[PDB]
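Below: the structure, in structure tokens.
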Amino acid sequence: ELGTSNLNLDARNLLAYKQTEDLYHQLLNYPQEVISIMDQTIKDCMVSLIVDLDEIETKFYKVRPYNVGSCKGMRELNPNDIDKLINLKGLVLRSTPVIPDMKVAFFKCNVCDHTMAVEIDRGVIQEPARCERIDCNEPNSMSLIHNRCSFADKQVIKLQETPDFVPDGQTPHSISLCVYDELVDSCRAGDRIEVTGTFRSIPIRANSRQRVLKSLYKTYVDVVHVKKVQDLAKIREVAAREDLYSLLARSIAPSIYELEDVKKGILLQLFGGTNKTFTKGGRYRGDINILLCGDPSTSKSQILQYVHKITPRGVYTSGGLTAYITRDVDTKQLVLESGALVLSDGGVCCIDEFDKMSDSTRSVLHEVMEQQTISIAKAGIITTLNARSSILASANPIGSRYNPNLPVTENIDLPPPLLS
Amino acid sequence: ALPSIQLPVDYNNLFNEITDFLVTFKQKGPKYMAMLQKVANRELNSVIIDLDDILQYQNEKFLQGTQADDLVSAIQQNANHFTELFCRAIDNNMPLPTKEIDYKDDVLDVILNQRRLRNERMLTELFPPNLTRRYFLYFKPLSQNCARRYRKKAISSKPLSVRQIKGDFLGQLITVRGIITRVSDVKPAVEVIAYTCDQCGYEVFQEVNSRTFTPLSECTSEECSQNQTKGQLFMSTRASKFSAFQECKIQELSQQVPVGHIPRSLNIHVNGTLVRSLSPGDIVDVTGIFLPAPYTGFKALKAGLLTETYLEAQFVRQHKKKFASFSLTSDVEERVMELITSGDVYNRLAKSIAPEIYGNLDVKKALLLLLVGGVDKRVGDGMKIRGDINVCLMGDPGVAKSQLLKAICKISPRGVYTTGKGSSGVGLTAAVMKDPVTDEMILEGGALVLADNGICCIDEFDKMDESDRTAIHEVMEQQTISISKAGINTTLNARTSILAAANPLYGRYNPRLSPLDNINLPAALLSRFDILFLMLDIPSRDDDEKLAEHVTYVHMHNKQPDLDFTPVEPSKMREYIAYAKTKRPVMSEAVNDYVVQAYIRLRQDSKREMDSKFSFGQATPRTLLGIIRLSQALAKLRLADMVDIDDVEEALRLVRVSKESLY
Ligand SMILES: Nc1ncnc2c1ncn2[C@@H]1O[C@H](COP(=O)(O)OP(=O)(O)OP(=O)(O)O)[C@@H](O)[C@H]1O
Ligand SMILES: Nc1ncnc2c1ncn2[C@@H]1O[C@H](COP(=O)(O)OP(=O)(O)O)[C@@H](O)[C@H]1O
Ligand SMILES: [Mg+2]
Ligand SMILES: [Zn+2]
Ligand SMILES: [Zn+2]
């Protein structure tokens, strides 16, 4: 009734039955064939259960086994575990662009314009030595067409072991990954995922101009399943209370003693104002910016840490913050990279150690707080980027204490316009 | 073609003697049949051979005038040929299994049974032995007392240096000594390659021993001996055989390097179950086979006679020392019973750390309290608290604070020592930056050197640049390091105790105010530290006399003199520190009022900190937090699962002693 095509399959409940554990062990030894025949079984189960048959013929069927066994680590992988299903957990580091894969080779008998479609197996193509049209029957008239074939999408992921597996300060390792179709782009950098797939080894080409192969093989895994690691009525019931303001304000800093007014101000800053774009006079800024000052005996960084995770969007940094073009490390190419402030659009950008701001970056803030737009003119690229972000910063006085007789200006060593 | 020579050796008698030794040996019955039986049961996966048994057996059978030659000599002169002879002998005399086998698991044997029932049923090929062996063969070098037993010079051993190996030792069995520096990962290595030719009856097998090879394309089956092939053949991974492989290199020790020379290196190849039996940074005694390596892998066409050399491991003695993670045993239990009977411990431990440096008792007491750690394991609502203590040592040059720091680094297992400049890889970069030969850009991002539960010992804390200073501000209060350069965000869980020594920018104490003199350090960083202590050189007679007397008495005896009186020893301290950390007493509530009133009087002190002449009596909650941490450490170093008020008083007295050094 859904029209979906996916069948998750646990192993424990599969182990719960006494006849099935035989198929369980046979699946560990022979994953590919068992999975293929299970998919064909589901394909026939389509008709066995529906007895519209039209949606059935169009869709393929696959399974997603998981929880087959204990999660191993990259530090213990003996060659006894080749072509066997394993469960792995780790952190996704990098990715790669999707790589087309040859599936259906297209050919054309150029002299007689005759076209033939050829299937392939194990990558290697058995090219047709002669065009089937015995009327021409020429052997050498076989020419293929690159852009009229059919292709499969392949993506390669690089995976790092979790730091839990290195207790004595050693270095983690990397295991290459492969995915197909629905698993493409299912993960990206920085993710924490767990995967279940079979092992694999491949001969390395060595000299691409020669037939020799090295005595060692590269190790990589092929995975089939990946896991990671109307309430609006309730709002109005809460929103109808009279003391919502005070409880809501005090609810974001449970461990902070007193300091109620600053908490209320920070909460209102989090709520934000209104933004309008009337054309007769240009847009008006709707963001609130608040500064914190005082001796480093107030745990003021804790407030920024609270708001950073409380806010939907936000970047927490300290005194590089904006866009600058970089040279790619792993690849040799040029990409445009945006800084912390650009990513905080619509959210709250938190800044610490504001006094140690150097000098070049300060002007950038003067650029962004007065127009909410930053432009760049470098390496032939001229463009403007929108920021539209709120700012919350903390600074320290000069000396072991802040003298109340001393005015604020000198102790905070910021220019009068910026603080104004 | 090739001229011939006459050699005294003949392998037939050697093989017969090998078989006779294996069958007849008496050291349970015969030992070697005892090994081979459990090998048959698929219980033992590798066979290790000792030549001491061979030597003693040959000598004791020499009592009857039948033997004519000896084996260990030819073993020493050449090794691989004897490995083949031993594998042949083992396969000839392989016993039957005396136990049942989980026979369904051996997928290779399933493939073999399929092939046999395919070909023999139609009327069969002799499979090569290497495709069937489940066992690895290893040799062990002899012992020198066994050589002393007899007159002959059957010595070997003699752990040569890296540079002591010449070109005349190729092919022999030799022993090296040194420190392991690099260890590669584990990768599969091919031994036998099996193809399949689309149902060609027998499937072709071939073996390769060289580090490179070429594949097959057309099989020799009769249906493919026909003018065209019965289906193209492909390489089959499941049927082929593989062995665990790894590569490591060793470097000469400094002691063995002649003056005015640079240490050299030597590569080692390891195979079989012995893989992963050694880790970088340890002294080992490796016995192996010194084999040549062809240069054609470089493919330069030069070096017509020049070739590279390597060693193949056979038996590794890890040597060095085992940390053992304070694993309990009867001896350590009676040792801790002796420690309990010792009564008062901390003073003896302080006396026993660095007797070379005279005096400075309270510094050693603070070192004791730093080694145990403060209150940890969080509080309610998940709020972060660390047991690590940050103490900074301050004083004049020539006070041997660096030497005491070196002693602490020696006495602690997790200690890391750093000082002013000399290299750029100390911080902000992982040790694996651009390390692999493939240059895979292996990195973690923001991390330090073993910062997880490490002891960061720093000398010249006023010397490093802004980058290391930023790193050490970021390691503050168990905060992780999350510096990113290329999208990496795998932060290192920085939880370490900070102990650093810094010198005044004037090189001497000053009559004017100290906080302005300071260390040229941020006041925030200064307030972060839990304890600040001073070492001021006071010219006096009654102290310089004792110091000079102790130093000269140390010089005269060339040892640690009996002048020292320490009941406890460095290994004993290393045991007891782990023991005390294991106990981990919990906090007692009743100290709340006492510590609150103590902090009240400390804020009363802050009411007097504008009097100046020293302005370290500041107001900071971190002062109270460090007080609580030090009281918890005092409760942890001994006593039951409670916290004593005397611990709080001792912590306050320690703080007072730290403060009074200003004057
Ligand atoms: N209390 C002491 N007992 C024994 N030797 C001492 C003592 N104080 C200093 N020394 C001697 O002083 C030397 C160590 O002082 P050293 O200057 O290396 O340390 P430091 O105070 O950390 O300063 P620096 O940065 O100059 O090294 C050694 O030769 C040591 O014998
Ligand atoms: N009101 C408070 N409640 C809880 N802890 C506090 C409070 N005031 C100070 N502290 C403690 O003292 C420290 C003050 O540091 P902070 O003022 O944030 O330094 P900086 O802002 O310069 O990094 C905090 O780490 C916190 O543990
Ligand atoms: Mg020094
Ligand atoms: Zn044609
Ligand atoms: Zn064939």
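We did not get these values from a lab; they are worked out from the coordinates using the rules stated. Counting neighbours? That spans all protein chains shown, and the Cβs are built from the backbone with ideal geometry, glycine included.
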Look at B:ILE174 and say whether it is under 36 Å from the mean Cα position of the chain (by Cα), assigned to a loop (DSSP other than H, G, I, E, B) and away from every other protein chain (no Cβ under 14 Å).
no
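So which residues in segment B:221-239 are exposed (fewer than 11 other Cβ atoms within 10 Å of the Cβ) and more than 14 Å from every other protein chain (Cβ to nearest Cβ)?
Here is the first cut: in segment B:221-239, the residues exposed (fewer than 11 other Cβ atoms within 10 Å of the Cβ) are B:222, B:226-228.
Passing the criteria: B:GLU222, B:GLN226, B:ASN227.
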Given the criterion within 16 Å of ligand 5 (Cβ to nearest atom) and in contact with a strand residue (DSSP E or B) (Cβ under 8 Å, 6 or more places away or on another chain), identify the matching residue among A:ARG122, A:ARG75.
A:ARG122
Of the numbered conditions (1) closer than 30 Å to B:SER184 by Cβ; (2) not in a strand (DSSP E or B), A:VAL111 fails exactly one; give the number of that condition.
(1)
Among the residues of segment B:179-215 satisfying the criterion of being within 11 Å of ligand 5 (Cβ to nearest atom) and within 14 Å of chain A (Cβ to nearest Cβ), which is farthest from the chain's Cα centre (by Cα)?
B:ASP198
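For segment B:416-429, does any single residue satisfy the condition of being among the basic types (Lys, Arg), surrounded by fewer than 17 Cβ atoms within 10 Å (Cβ to Cβ) and within 14 Å of chain A (Cβ to nearest Cβ)?
We begin by selecting, within segment B:416-429, every residue among the basic types (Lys, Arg); these are B:421.
Checking the rest, the ones that are also surrounded by fewer than 17 Cβ atoms within 10 Å (Cβ to Cβ) come to B:421.
This time we only want the ones that are within 14 Å of chain A (Cβ to nearest Cβ), so: none.
For segment B:416-429, residues among the basic types (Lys, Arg), surrounded by fewer than 17 Cβ atoms within 10 Å (Cβ to Cβ) and within 14 Å of chain A (Cβ to nearest Cβ): absent.
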Among the residues that make up segment B:101-108, is at least one of them within 14 Å of another protein chain (Cβ to nearest Cβ) and among the β-branched types (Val, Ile, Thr)?
yes
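Would you check if there is a residue in segment B:45-65 being within 14 Å of chain A (Cβ to nearest Cβ) and under 23 Å from B:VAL275 (Cα atoms)?
So far as segment B:45-65 goes, yes, one or more of its residues are within 14 Å of chain A (Cβ to nearest Cβ) and under 23 Å from B:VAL275 (Cα atoms).
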Can you pull out every residue in segment A:330-366 that is touching a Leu at 6+ places or on another chain (Cβ under 8 Å) and of a type in the set (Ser, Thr, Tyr)?
A:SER338, A:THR361
Of the residues in segment B:514-529, how many are surrounded by 13 or more Cβ atoms within 10 Å (Cβ to Cβ) and in a loop (DSSP other than H, G, I, E, B)?
5
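B:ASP10 - would you say it is of a type in the set (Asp, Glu) and in contact with a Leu (Cβ under 9 Å, 6 or more places away or on another chain)? Quick ask: steps written out before the conclusion?
Values: of a type in the set (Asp, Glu): yes; in contact with a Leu (Cβ under 9 Å, 6 or more places away or on another chain): no.
Judged against the criteria, B:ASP10 is not a match.
Can you name every residue in segment A:74-94 that is buried (at least 17 other Cβ atoms within 10 Å of the Cβ) and part of a loop (DSSP other than H, G, I, E, B)?
Restricting attention to segment A:74-94, the residues satisfying the condition of being buried (at least 17 other Cβ atoms within 10 Å of the Cβ) are A:74, A:77, A:79, A:82, A:85-94.
Answer for segment A:74-94, where residues must be buried (at least 17 other Cβ atoms within 10 Å of the Cβ) and part of a loop (DSSP other than H, G, I, E, B): A:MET74, A:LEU77, A:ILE82.
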Positions within segment A:165-192 being within 14 Å of chain B (Cβ to nearest Cβ) and either in contact with a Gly (Cβ under 6 Å, 6 or more places away or on another chain) or part of a strand (DSSP E or B) (or both), in sequence order:
A:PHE165, A:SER174, A:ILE175, A:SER176, A:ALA189, A:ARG192
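In segment B:597-651, how many are hydroxyl-bearing (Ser, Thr, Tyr), more than 12 Å from chain A (Cβ to nearest Cβ) and either under 37 Å from the mean Cα position of the chain (by Cα) or under 21 Å from B:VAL363 (Cβ atoms) (or both)?
First, pick out the residues of segment B:597-651 that are hydroxyl-bearing (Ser, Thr, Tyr): B:599, B:606, B:612, B:615, B:620, B:623, B:631.
Adding the requirement that they be more than 12 Å from chain A (Cβ to nearest Cβ) leaves B:599, B:631.
Keeping just the survivors that are either under 37 Å from the mean Cα position of the chain (by Cα) or under 21 Å from B:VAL363 (Cβ atoms) (or both) gives B:631.
Selection size over segment B:597-651: 1.
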Matching residues in segment B:87-111 - criterion: being assigned to a loop (DSSP other than H, G, I, E, B), among the β-branched types (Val, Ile, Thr) and within 38 Å of the chain's Cα centre (by Cα):
B:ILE101
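Suppose we filter B:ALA303, B:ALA293 for residues that are on the phi > 0 side of the Ramachandran plot and loosely packed, with under 15 Cβ neighbours inside 10 Å; which single one remains? Show your work before the answer.
Numbers: B:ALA293 fails: on the phi > 0 side of the Ramachandran plot.
From the options B:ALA303, B:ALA293, the qualifying one is B:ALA303.
Could you go through segment A:305-325 and let me know if any residue there is over 30 Å from A:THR383 (Cβ atoms) and more than 14 Å from chain B (Cβ to nearest Cβ). Spell out the reasoning first.
Initially, segment A:305-325 is screened for residues over 30 Å from A:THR383 (Cβ atoms), giving A:305-307, A:309-310.
Now restrict to residues that are more than 14 Å from chain B (Cβ to nearest Cβ): A:307, A:310.
Yes, some residue in segment A:305-325 is over 30 Å from A:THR383 (Cβ atoms) and more than 14 Å from chain B (Cβ to nearest Cβ).
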Give the number of residues within segment B:452-466 that are more than 12 Å from ligand 3 (Cβ to nearest atom), of a type in the set (A, V, I, L, M) and either under 21 Å from B:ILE411 (Cα atoms) or not in a loop (DSSP other than H, G, I, E, B) (or both).
1
Filter segment B:530-565 down to the residues that are among the aliphatic types (A, V, I, L, M), outside any helix (DSSP H, G or I) and away from ligand 3 (no atom under 16 Å from the Cβ) and list them by number.
B:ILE531, B:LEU532, B:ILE538, B:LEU563
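Go through segment B:444-458 and count every residue that is of a type in the set (A, V, I, L, M, F, W, C) and more than 9 Å from chain A (Cβ to nearest Cβ). Show your work before the answer.
Kept after step one, since they are of a type in the set (A, V, I, L, M, F, W, C), are these residues of segment B:444-458: B:447-451, B:455-458.
Remaining after also requiring more than 9 Å from chain A (Cβ to nearest Cβ): B:447-448, B:455-458.
Total satisfying the criteria: 6.
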Can you spot a residue in segment B:251-267 that is within 34 Å of the chain's Cα centre (by Cα) and within 14 Å of chain A (Cβ to nearest Cβ)?
no
Turns out the helices (runs of 4 or more DSSP H) fully within segment A:237-354 with at least 1 residues that are more than 13 Å from ligand 2 (Cβ to nearest atom) and surrounded by fewer than 12 Cβ atoms within 10 Å (Cβ to Cβ) are A:244-250, A:260-271, A:300-310
Those residues of segment A:120-164 which are surrounded by 15 or more Cβ atoms within 10 Å (Cβ to Cβ), in a loop (DSSP other than H, G, I, E, B) and within 14 Å of chain B (Cβ to nearest Cβ), in sequence order
A:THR162
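Tell me, which residue of segment B:448-470 that is among the hydrophobic types (A, V, I, L, M, F, W, C) and over 18 Å from the mean Cα position of the chain (by Cα) is farthest from B:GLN403 (Cα to Cα)? Lay out the reasoning, then the answer.
Looking only at segment B:448-470, we keep the residues that are among the hydrophobic types (A, V, I, L, M, F, W, C), and these are B:448-451, B:455-458, B:461, B:464.
Those still in the list that are over 18 Å from the mean Cα position of the chain (by Cα) too: B:448, B:456-458, B:461, B:464.
Working: B:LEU448: 24, B:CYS456: 15, B:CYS457: 12, B:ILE458: 12, B:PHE461: 15, B:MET464: 20 Å.
Filtering segment B:448-470 for residues that are among the hydrophobic types (A, V, I, L, M, F, W, C) and over 18 Å from the mean Cα position of the chain (by Cα), the one farthest from B:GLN403 (Cα to Cα) comes out as B:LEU448.
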Can we say B:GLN255 is more than 16 Å from ligand 3 (Cβ to nearest atom), touching a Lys or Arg at 6+ places or on another chain (Cβ under 8 Å) and more than 24 Å from B:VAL110 (Cβ to Cβ)?
no
Considering each of B:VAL391, B:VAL375, B:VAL363 in turn, give the residue that is within 16 Å of ligand 2 (Cβ to nearest atom), under 19 Å from B:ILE498 (Cβ atoms) and of a type in the set (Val, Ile, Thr).
B:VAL375
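Any idea which of B:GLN114, B:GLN64 is in a loop (DSSP other than H, G, I, E, B) and surrounded by fewer than 15 Cβ atoms within 10 Å (Cβ to Cβ)?
On the way: B:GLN114 fails: in a loop (DSSP other than H, G, I, E, B).
Residue meeting the stated conditions: B:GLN64.
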Would you confirm whether any residue within segment B:489-505 is surrounded by fewer than 18 Cβ atoms within 10 Å (Cβ to Cβ), more than 24 Å from the chain's Cα centre (by Cα), assigned to a loop (DSSP other than H, G, I, E, B) and more than 14 Å from every other protein chain (Cβ to nearest Cβ)?
yes
Hits in segment A:17-70 (condition: within 14 Å of A:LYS84 (Cα to Cα) and of a type in the set (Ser, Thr, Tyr))
A:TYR24, A:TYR30, A:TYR66, A:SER70
Looking only at residues in segment A:358-402 that are of a type in the set (A, V, I, L, M, F, W, C) and within 14 Å of chain B (Cβ to nearest Cβ), which one is nearest to A:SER420 (Cα to Cα)?
A:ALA395
